[PDB]
Every structure is written in C-alpha cells, then in structure tokens.
Amino acid sequence: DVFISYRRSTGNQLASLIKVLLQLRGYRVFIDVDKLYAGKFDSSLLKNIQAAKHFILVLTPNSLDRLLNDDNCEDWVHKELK
Amino acid sequence: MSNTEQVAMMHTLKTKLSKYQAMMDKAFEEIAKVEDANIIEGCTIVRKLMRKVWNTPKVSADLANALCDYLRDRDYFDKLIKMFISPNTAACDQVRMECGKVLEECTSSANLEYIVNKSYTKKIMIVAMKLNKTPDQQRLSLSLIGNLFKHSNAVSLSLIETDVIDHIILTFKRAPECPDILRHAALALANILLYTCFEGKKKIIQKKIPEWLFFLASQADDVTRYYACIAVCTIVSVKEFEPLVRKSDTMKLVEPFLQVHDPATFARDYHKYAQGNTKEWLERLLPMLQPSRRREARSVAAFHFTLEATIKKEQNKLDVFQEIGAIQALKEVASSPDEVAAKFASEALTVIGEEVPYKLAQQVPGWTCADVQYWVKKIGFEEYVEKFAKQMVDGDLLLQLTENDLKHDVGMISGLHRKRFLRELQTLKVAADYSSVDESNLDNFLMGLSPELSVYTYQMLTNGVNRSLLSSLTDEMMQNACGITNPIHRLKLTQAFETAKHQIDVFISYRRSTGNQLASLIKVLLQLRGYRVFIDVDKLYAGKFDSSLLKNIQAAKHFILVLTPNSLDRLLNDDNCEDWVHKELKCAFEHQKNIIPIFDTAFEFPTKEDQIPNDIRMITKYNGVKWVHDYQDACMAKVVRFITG
Amino acid sequence: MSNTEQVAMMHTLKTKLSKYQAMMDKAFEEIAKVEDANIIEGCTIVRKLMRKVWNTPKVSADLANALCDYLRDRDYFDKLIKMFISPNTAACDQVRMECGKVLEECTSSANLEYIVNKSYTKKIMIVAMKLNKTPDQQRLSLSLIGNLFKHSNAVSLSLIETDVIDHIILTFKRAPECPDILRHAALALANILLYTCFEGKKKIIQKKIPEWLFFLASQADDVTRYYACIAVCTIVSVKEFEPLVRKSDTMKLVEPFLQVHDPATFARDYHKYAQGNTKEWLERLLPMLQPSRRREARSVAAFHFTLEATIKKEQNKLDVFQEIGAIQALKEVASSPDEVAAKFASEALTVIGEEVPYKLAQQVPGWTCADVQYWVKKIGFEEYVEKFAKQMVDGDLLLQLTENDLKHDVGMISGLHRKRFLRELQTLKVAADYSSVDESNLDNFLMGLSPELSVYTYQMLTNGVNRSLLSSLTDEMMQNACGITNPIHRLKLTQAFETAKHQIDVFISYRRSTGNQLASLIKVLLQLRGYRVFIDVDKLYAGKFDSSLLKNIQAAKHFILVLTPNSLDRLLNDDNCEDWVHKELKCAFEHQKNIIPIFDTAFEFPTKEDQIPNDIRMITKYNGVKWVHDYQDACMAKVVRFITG
Amino acid sequence: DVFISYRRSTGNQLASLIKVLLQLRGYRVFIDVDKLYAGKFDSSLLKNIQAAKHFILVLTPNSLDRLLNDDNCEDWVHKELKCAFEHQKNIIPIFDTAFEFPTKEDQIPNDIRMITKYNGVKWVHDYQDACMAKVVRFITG
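Protein chains in written order, with the authors' numbering: chain F, 709 to 790; chain E, 194 to 695, 707 to 849; chain D, 194 to 695, 707 to 849; chain C, 709 to 849.
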C-alpha cells in the first residue's frame, strides 16, 4: 500500500521504523531493502510503487543530495520519485 | 443389521476413506520422488493400508473399491502401471515388486477395465512373466496373471496367445514348495476357465490342464484344492470335456475334498483370497449349480455359494444372490438328491434369510419421506413417524431441522428425546455424501480439515457457500449464516485461512586472489543445500582454460559472481575481454543465466564504472547478496531466494 | 459392595494412578541420571510407592497392575531390566539390588511376558543367581527366580536346564536363619512345580525336593510351611510322586499345619506375600481340589482358596472363582468326606456369597440406558429410574445433564435432590475414563493439572477440543463453550499456558577480519566430517566478553588456529594478553590441546618473532596444514590426520 | 523486560526500531525518551533499569565518545550502563552497521570500561527482518 523511498544510509533506521510503525498501523508497507530479486535493480525496485497508492519519502541528510544534477535519472531515489 | 449400523458403516466408510485418501497421497508423494526406497516404502504403505482396509470389519469391500477408484482418479494407478512396466525399473526389481503388489491389491473390475482401455494388458502380462526370479516374484506373477484373467472372455482368449499357460505350469512345477504359488496358479486356472469361451477352454485343456488340476487338487493346500475344484468343475460344466476330467481322476477328489470341510471354516482361512470376489465372477459360477452339471460341480458350486453367502452376510450384501437369481438355483440344489450340494445349498439359503427394507443412499438429500420414516423408526422414534409422514419431511428438510421444529411440528416434548434425536441427526449429517450437489468437494475439504465439520456442509452449501469463498467469510458470517455457533469449530476452520500463507544449478565466478575461501564456502554450502554447484576449482584441473569452462556456465541455470574485495578492477578497460571473470560474466549474460552478484565483506564496486565494458557493466546495477561473516545465514537465504525465484 | 464404592474405587484408582505416575516419573528422572545413588534412591522410591500401592486397601491390585503397565509403556521397566542385567551395574551392586527389588514388585503376568518376549529371561535368571553375596541378595534372588517361575510350562522347563534348583537348595541351606529366604525358596518351588510339566516336575524331584520340602515344612515359619505344603501337594497331585512325598514324610505335616490355622488368620500375616496372586496361578491350583487328589492336597487347596476368597472379597473380585469354575470344585470338596478340606471349602463358599449385578465400565460414555438405570438406582434415586428409562438416557446423555434437564425432563423438583444428584454426577465425571475417545490424552493432562478438572473433559472433548488447542483458548471460550464457569478452575488452566512460555571436538581460533571465511569453511568441512566444531561467532551467552570462549577451548579435544595473515601479528608485544587470539592460544597451551595451525596461502610468520609473547611463541614452531583452495580435499584430509593422530 | 540505552543524537531511530519491532513481537522494552517528569533529573530510567531483566545498549557512531572520563556518570547513557552493571542485568550491546569498537577505550570509566570488551549483536539494515533475531537469542539465552 505504502512504498518507502529513502537514501539508504540515512533513511536507514527511520525508514525501517516507518515500515514497522505502518505495519503496526495495519498498512502493508515495504522498503527498498525488501523488494529486490533475481534481475536488474530498477525492474524490481519500481514495480512496488505502481501497485502502491501511497509513497513516503524519508527526507534526511542525503535524501535529495544525489538527485542534484541527476538529469540522466541515474539516482534510484530519482527513479522512485519520478 | 440396523439402520444405526447402515449409518455407522456409511459414516465409517466416509471417515476412513477421507483418512486413507490422505495417507495414500503421502505414500504417493514417496512414490513420486522416483527413488527406489521411497517407491518401495510408499507402495509398502499402500499395500499395508489396502490389506488393513480389507481387514476392516464391515466396510472393507466398499472402502477398498473407493480407494481403487481414487487410485484411478488420482492417476496413482496409471503411475503404478508405468513404474511396473517401464524397462528402467530393472535398476531395482523390488520397485517393480512393490508396485505390482499394490496393483494386485488394486485390480478391481474397474481397474482391470482401465488396464484394458489403456491397452496395458499384454505389457503387464509379459512383465509378470518376467517376474520369475524368486517364489515371491512367481506368486505375484501368477497373481497379476490370474487378476487379468478376471476380465471378459476376449481378454482371456487374447492372453492365451501369449502361451502364459505353459509359463504358469513351469512356475508351479519349479516352486511347489510355496503353497501360495499353487494357490495363485489354481486361481489363474480357475479365473481363466471361468472367463473364457469354448475355443479358449479347449486350448487351456490341451496344455494338460485337467491332469495339472489333478496334481493341484492332490497337493495338501485346501485353497489350491478349492481353486482346482472350481477349475475342473468349470471344465466338467462343458459337454465335451467331462471325459477329459474323468481321465484326470480329479472329480474323484472333488466331493471328498468338500466333505472334509465346512464353507464357514474354509471362509476364515480363505478370507485373504475371498477379498475381491465379485458379482460377475459369481454370475459365471452360478451355472455350476444347474441340474445339467455333475453332482461334483453342483457340490463345489453349492459349497462356494455358502462360503460367499457367509462373507456377504458380514458385508451386508446378501442382496447379490437375489440380483443374480442364485437363490432359485440354490432352492433347486437344496431339493436335489445331491445330498452334499443340497446341504450346502440349504445352509446358503439359511444364511440368505430375509432382505433389508431399504439400503439408504449416502446422498441423503435425495431421501423421500418414506426414507425419513424408515430412518426415524429404526433409530427408535417410532412414536413420531406418523407426524413426520403428516409433515411430509424429506431428506433436505431433515438436514434443516432445529429443536424448535421437533418441539412444535413434531410435538416432541422431551428435551432429552430431542438431544438424543439430534445426536443421531448430527451423526447422519456427518456421514452423508453431498457430492450429488457439492461441485467443489467442499465436503471433502471440510472432512480433511476435521471430519465433524462435515456437519456444517449442507447448511453452508445451501446458503451458496463454496470452496473458493471460504477465506472471505467473517466469524459473524460463519457463526450466523453458516450456523457454526461452536467457536472451537470456527477456530478450526479459521486455522485453514491462518495457514493460507507461504545438470548444473549453479556456477561460481570469483577472483582467485581474494574470493577463494568464500567462493569455496558458497560452493560447499550450496551442495549442502542440494544444488548441483560448480566453481573454478571444480572445473579447471590438469588442463587448459578451455571453452569447457564456458560450457559449464552454459549448462548452469544460475550464475554467481562473487564481487570480492578488489574483484572488478581488472575488468576496467577490459574491452578485449581478456579477463576471465569478464569472459565468464559475458557468457552468463549472453545465455541469460540467473545472475547473482554477491557483495563481499571488503568488496566495493569501482569508482570508474564507465570504464567497465558495456557488455558486462550492468552487473553494477543488479540485485545481489549482501555478504557478512556473522550474518552468513541471512546472506545465504538471500542467495537461495534468488536461486529459487 | 455398592455402586458408590465402584465409583469410589474407579475414582481413587484414576486419581492415585495419575499421582503415582507423576511420582514414578520423578523417581525415573533419578534413575535416568545413571548415577549410583540416584538410581538407588529412585528405585527405593518406586519400591516404597509399589508397596504403599499394594497396602492401599481396595484398589491395590488394579493400581499396581496399571503402574506395571505404565512402567512398560514408559520403557521404565525396560530400563530397570537393562540397569539390572548390564555388566556396568557392577560399579555398584546396590543399584542392581534396588532395580531388582522394583522388578520383583513389577513382575506382573504381562511384565513376565514382556521379559519372555524380549528374551531377557535367562539373563535375569543368571544375574539373580549372581545376587548371592548376602541374605538380602539371596532373598531377592529367590524372589526374582520364583517370579520367573510364574510364567508358562515351557519357560519353567527351559529354566530347569540352568540347574537353578541346586542354587536354590544351596541358598536356603546357606541361610536358613532368614525366614524370608525360606519363604522365597518355598515360593520358588511352589511356583515352578505349579508352572511345570510332568518331566520337569520329575527333574525337580530328582534334586531331592520332596525331602527339602519336608525340611521347609518342618521350619517354624508358617509362610514357608504354606508354600512347602502347596509345593508337596502339587507333587502329591501326580500319580507317580505320592510315594516320593510319602518317603519325605511331608504329607504327615500337612493336615496338622492346616489344623492349627484359619485361612483369615493366615491371610492377615501372609498378605505381604499374597499381594500379586493371580488368576492363572489359581487355575493351576484348582486341580488340587479334585476328588482324584489326596485329602492333604484337597485340604491345602481348600484352605488356600479360602485365603484367596478372603483377599478377592477385599479386592471385590470374587467373580474369578466363577470364571475359573472353582466354585464347583469347592462344592465337591464341601460335599466330600475330607472334613478339614470340606470345612475350608464351605467357608470359601460362605465368602463367595453372590454376584454383582453389573461391573460398570469406567468408559462411562459407552453405558447403555440399563447401566444408567442401575447407577441412578444405586446412588439412591430409584423413584426416577422409570423416568430415566422413559427418557432413554445413555452414557453420553448423562454427561450432558444440566439441572434443567433434571427439573424438566426428569421432572425432578427438589433443588436439594438436584444438588445431591449433580455431586454424584460430578464424581462420576471425574472418575470416568475417556481413553475410548480421547486421542490426545487431554483427560490425563487435565488430571495432572488438577484431578477435579477431569469434570470438564467430556464437554470440551465433545466440543472438539484437544490437548494441542488448549494454548489458544480465551477465558470466554473456556467459560462459555467449555462451560468452566468456575473462574478458579479457569485460573488453574490459565496457569498452564501462562507458564508454557520460555563437549567440543574442535575449537577454531581465527583473526576476525582475515580468517572469517576460511574458519567458517573449516567449521563446515569438519561438521561434514561429523566433528562437533565450534567458533567465536556462536558460543557466547550475552554477558561480558568472558570465560565462556576459553571454557569452550577447555572442553575441546583439538584446537585449530586459522593462521591467516595478521593473526599472530596482532599477538606481537601483547605481553598483557589483551588479544583474544592470545587468550584462546594461551588457554590451548595451558590445557595441552592438540594444537594445529592452518596456514592460509598468503600467510607468513611475522619478521619480529621475538616480539610474540613467550607463553605462545611456540606456535611459530608448530605442526600445521598449508591451506590450498585448489587441494582443499587433501588439505582437509591432512587436518583430519592431525585430529586423529 | 528490556531497557534500551542509546545516544539521543544518533541512536534514536534504531533504539525505537528495536523497541517497535519488539512491538510487532511484544516486549516491554524501555527507552531513555519519555521516562522523566517535572524533576531535577527524574532518572526513572534507573528504576526502570532495575525492574528490567535485560539491558540493550545501542552503539551507533559517536555512541561512546562522551562516556570517556565520565566517571561521574554525568552522561545518562553512563548512569544507565553503570546501573545495568551494578544490578547484573543481561547486557546486550547492539553494534550499528557503521560501529567500530573504539580506540581510547581505556579512557572509558572503570565501572563501565568493560562495554567495548562485551558480547554484542552487530547490525545490518539490509536484512532488518532477521538482524533482530540475534538480539532475541541474547535476551532468551
């Protein structure tokens, strides 16, 4: 239902806790850590977003950083948010 | 025998059928492994089960038949046939033996018909003729042979063309030290003679079979003698062949052999072989009672029909002798001067007694008011029967009943009487078949979940519940609409929905300078997880770095790259594909292998990713296993999930 | 004896069985330590318990039998046998003694049959013959010997081939100063003679046994004399052997010995030995009453059957004498001119009296309406019996009864009478067996939790509760579905589920950062080679980083050092033993572990070897395996060679 | 059941995630936050440590740094850890994915110096749904 986007190293523990707290609140909430399998990164990352109605971004000390000048949409948080 | 017993039998039958279906599935899961000991053990379990079923006091025949049906329905029977006839089974003849023994247990009329319809008949025959290496093989062989000889005249005649009669003769001639061989021989001869035309009978006789039947009747085994007496008396039943049996002398043994036995004393020993004696085979034996036949043949037939009447009393299937009209021929023989035959026929008629008023169909929704009246009467509520009749209660209406209906419309004042009544009704509800109306085998599902839950079937079924919907029911819907007021039962079915959740296999590419110990750990652990796993070390000994390593990659389903400390650096600017990790990874990509990058303890991807060649660069953007020393089990779980998909 | 007493006996039996099963388990936990004093004490407790059980006034025999059964079912009996016969028991003969005394208590017919079925018979016999060192050993020996002689003719005859008769003779000849030896001797002789054929009796007699029985019957001990009189009268019951007993003079002692006693006076003394006397042993004594036998033999038999009738009155099992037909032989003797025998037989018949109307099955759900009527009658509700009959109440229906049912359908107006009735019903509910239906032994569980909770068994069982489901019940479900309205009882069962929650072969030392994967590979490979191999990652128990790792090394036989780069380098100048690899290696050296360095391919000993602390410096000179990934099969073979020496 | 000691600046989310995973699994897992009322420093934390069987210490980057020379236990992380040691709690350091057992550990006060030479569950975010399991084994023994 809810996708969590974050910069891995700083959404981190909070991003995880968000999953846990929303699962406590009954939402089937999943995270970047969980939904990567047997193939390319995009091709497992992004599909979760389309099926989700709701998209949380954990905004943190390197959340938006690697999006800067990312015109080629190389950053995964960029691909997720796009 | 009471209606309470009809219910108890039906109940037991449905119950133990449900149980033994599940247990048979477990045994078939062992068979379906296609490994010698597992097939042997599974078949052993099925064999034990089928014999225990045949030993089950009353329902034995029906339960055996229903399991024979289930074996066909599940294609378990087809699998057994294939795993018997297949030449690959020569790897372990004990597999063929256990398959064959099960087939022996399971060769009902409908199972033999299946064999014939699928044309396995001659394949099975030849493979039975190949089962000759030991007395056990020989007995099983003669058994399967004799079982094939329980199908109609054309089949028996077609099997005469194999010259199996000479094989039979040679088999018992080889090993008369086994009484069971002589039994299965005499059985095969009795069966084929009983199930063959005049021409085929003549062909059988030409194999000196009257003289062999003399030999068999002269052996000390009473079961061999019984079958031998049937066989010769079948021959004696034919005009041309009485002189041939006279020349065999066997008729001189026949009546004395009967005289020194009782059908019932014989029955208690013969039971193991009486299992699977059948109406059509009785219909063919009935002519041997006729005044046209010898006193010997009439005596054998009479003794035999008394034996069968004894067994069919226990089974509550005496109706068969009325259906085939044998009762008339028994009366004729009882009136005849053939004192031995007349005695046995009189005894048989003594065992016949009188019919049941109704055999109740387990499809109780189909019951008429007459059926309900009969049931109510027999369960000891006679006083009420007129009111049931007046109220025009039927099978369906019974299954709706509540104590209010009893209290008011049946006027049934005693709460105790109501309790008692409802207990029987619950029993009946559990016992009843619903497949008449249950498209989905929801009944069978509920039975499997727990047998008592059968009680709810009809209510929920009539409310329009089906096997697909069950997950979607709330406790309220269950409790109220489906009337399952017992929360314990609700919990049980809730548990179904709580539990409604969850060649080379691998090549390992790695850097020799750093990924050695970990690639080895991976390789050994994945072999420990049953995977056909290879690595550099397991493929490159005493030869070149040949196209063979790439063939091993091509043969793999899945490809590990251990992304080690310092692994990928030599791939930078490797446009000429000189690096062997590059060659390995390129090959994996070209053949679309399930690629598993493993991010080591101390691994990193290069800063200059743009310098990794285009054909392999994609590895940096691929889903992989976090490696950790202490977290190895989770890391390995991440390997395994990527392998299994 | 009343039905109230049938209930009280059944109740007491079930109750004390539950209790003594638990106490026996505790004693078996002491035995299962396999430590001398614990086995001795456990067996002492079992012995005390079995004797206390025998001394329990009414239920003694049944309770003893049920515990003998439980001992077999728990394999406790098998364990006792092994811990008696095993040569390891020579570590403390008092272990064998206490095991033997318990086995003596537990030598029921079924337990002796178990011994025979497992072929322990001659092992036990010989080991009893080895129990000879003291009068206590000798008494126990003669006891076990005599107990083996309570099994059928073939077993006794087989045991004659041991010449144990001469051992028996020597045993009583050694220690006639012990009356209990003379008792167990005379017992053994009585038993073997009673349980042996003519040929074996002749073999026994050839050991001068009539003259030894004269000796025994001449001793002042009445129990020895009783057994001696039985033994000689067993001989006198045989045609050929009357002259041999006449030559012994023992028949001259027989009638005077009887004349100076009454069966009841003897019984009160003899009871300690009479505990365990059994139907088949009575069936074998019955022939001694026959008019074919001597006056002496008839007198002994009559006196004895009066004793047994006395004991079987107390046990409420007088039916035995009807079952074996002894009543007829007692009538014959009572009519006979053998005045002494006739008196005792008349007295026995006086004790026999009249039959019970019904012995109720403790499986009360199986009760017919006739049974319920009988129960209701006997509990003092006679005026209602007709109404129970009219209401067709049965074994199941009883167990559902609420006061409403009494109030309305039984019309039973007095609330006090209802209270009284319900008290009896509760008693019965507690008392009843449910094993007929309880697949899960929920009854047993509830009894163990607290006996009164038995009351709820049938309700919850019929609601489909089982031992596994109990975990999952809410107070509501318990109260409402299972009708346990008493919150105290609910609390008790809540306590169950409230509380139903919560050597090394090789130790591997390694540097965490550089030997991780190799140490794990070594661990896995040695575990594949069956060695119980342990590592830094695992066997630490959430305190400070502390002694447990070095205790793991102390428990280890062998110590592997995964001598990878920068392992012994970290030990340089570690004089204060701060490094954990130093602590590990130091401990290995101190406890003289079989130390093996495993050299990684890239490992080299540090240049400043003199800076390795003196206590561990020796490791640079050690015998180790250069690990080569290419040859890891051979490397591990070498490691195993260093492990195996 | 448990008290979590953690660094308020750096271990907040992880301490809560531990506490809150042990709300999906149910466990009475105290924490530094919340447990202080209207008082000079309530330190109800220490009473709650005394009531605990088990004491988790969350060890992030920057976790131990201010405990150096804190012999007064003026860091409440110290007063917490000291109390855990004094009452012999089952003590479970949880090392963050980025944690290293510090240099200058000898400057950790004598009463708590042991904490770097202690058995603890090293963390991974990437398999959070199993990293927890080892914490529970350290609790359950």
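Positions of the beta carbon are idealized from the N, C-alpha and C atoms, including for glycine.
Pairing C:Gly828 with C:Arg774, the inter-Cα distance amounts to about 20 Å. In the DSSP assignment, D:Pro769 falls outside any alpha helix (DSSP H), carrying neither H nor E. Inter-segment contact for the region 745-760 of chain D and the region 682-690 of chain D is absent: fewer than three beta-carbon pairs are separated by less than 8 Å.
In this structure, DSSP gives E:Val544 a helical state, which the three-state scheme calls helix. Sequence-distant Cβ neighbours of D:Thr300 in its own chain, meaning closer than 6 Å and more than five residues away, are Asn340. DSSP, reduced to helix, strand and coil, places F:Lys761 outside both helices and strands of the structure shown, so it counts as coil. A contact is defined here as three or more CB-CB pairs under 8 Å, and the region 490-497 of chain D meets this definition with respect to the region 525-542 of chain D. A buried status is given to D:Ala410, since no fewer than 16 other beta-carbon atoms sit within 10 Å of its beta-carbon. Here D:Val586 carries a coil assignment [DSSP, helix/strand/coil].
Contact check for E:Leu335 and E:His377: beta-carbon distance about 3 Å, within the 8 Å limit, so the pair qualifies. E:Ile317 and E:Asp636 have their alpha carbons spaced roughly 37 Å apart. For F:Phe738, the uninterrupted beta strand (DSSP E) run begins and ends at 737-739, by DSSP. For F:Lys748, the C-beta contacts it makes with chain E under 8 Å involve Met822, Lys825, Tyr826, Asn827, in order along the chain. The region 576-643 of chain E is shown to contain whole alpha helix (DSSP H) runs of 4 or more residues at 578-583, 588-593, 596-601, 608-624, 635-642, in chain order. Shown here, D:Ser713 sits in a strand according to DSSP, grouped into three states.
Taking 8 Å as the threshold, the shortest C-beta distance from D:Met671 to chain E does not fall below it.
Nearest Cα to D:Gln707 within the set D:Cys675, D:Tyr651, D:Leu663, D:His762: D:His762. Interface flag for D:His786 against chain C is unset, since no Cβ pair is found closer than 8 Å. Using a 10 angstroms sphere on the CB of F:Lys727, the tally of other CB atoms reaches 16 or more, which defines it as buried. D:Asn304 is a Cβ neighbour of D:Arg265, given a cutoff of 8 Å. Of the residues E:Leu754, E:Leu753, E:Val710, the one whose Cα lies closest to the Cα of E:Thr848 is E:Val710. Taking the beta carbon of F:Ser724 as reference, the chain C residues within 7 Å of it are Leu725, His833, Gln836, listed in sequence order. The DSSP-derived three-state label of E:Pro484 is coil. Cβ proximity to chain F below 9 Å picks out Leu729, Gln731, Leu732 from the region 729-741 of chain C.
Taking C-beta atoms under 8 Å as the contact rule, D:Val429 and D:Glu489 qualify, at a distance of about 6 Å. When the Cα atoms are used, E:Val766 and F:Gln721 turn out to be separated by approximately 28 Å.
The count of Cβ pairs closer than 8 Å, one atom from the region 730-737 of chain D and one from the region 667-682 of chain D, stays below three, leaving the stretches out of contact.
DSSP places E:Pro372 inside the alpha helix (DSSP H), whose first and last residues are 372-387.
E:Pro680 reaches chain D at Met670, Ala674, counting residues in chain order whose Cβ is nearer than 7 Å. Beta-bridge partners of C:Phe803 (DSSP): C:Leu767, C:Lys830. Straight-line measurement puts the Cα of E:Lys272 at about 10 Å from the Cα of E:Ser279. Cα atoms of E:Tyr263 and E:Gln399: separation of roughly 41 Å, rounded to the nearest angstrom. For E:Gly849, the closest Cβ of chain F is nearer than 8 Å.
Going by DSSP, D:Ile278 is part of the alpha helix (DSSP H) stretching over 269-278.
Pairing F:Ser751 with E:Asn798, the inter-Cα distance amounts to about 14 Å.
Against chain C, the CB of F:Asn720 has a partner CB under 8 Å away; the residue lies at that interface.
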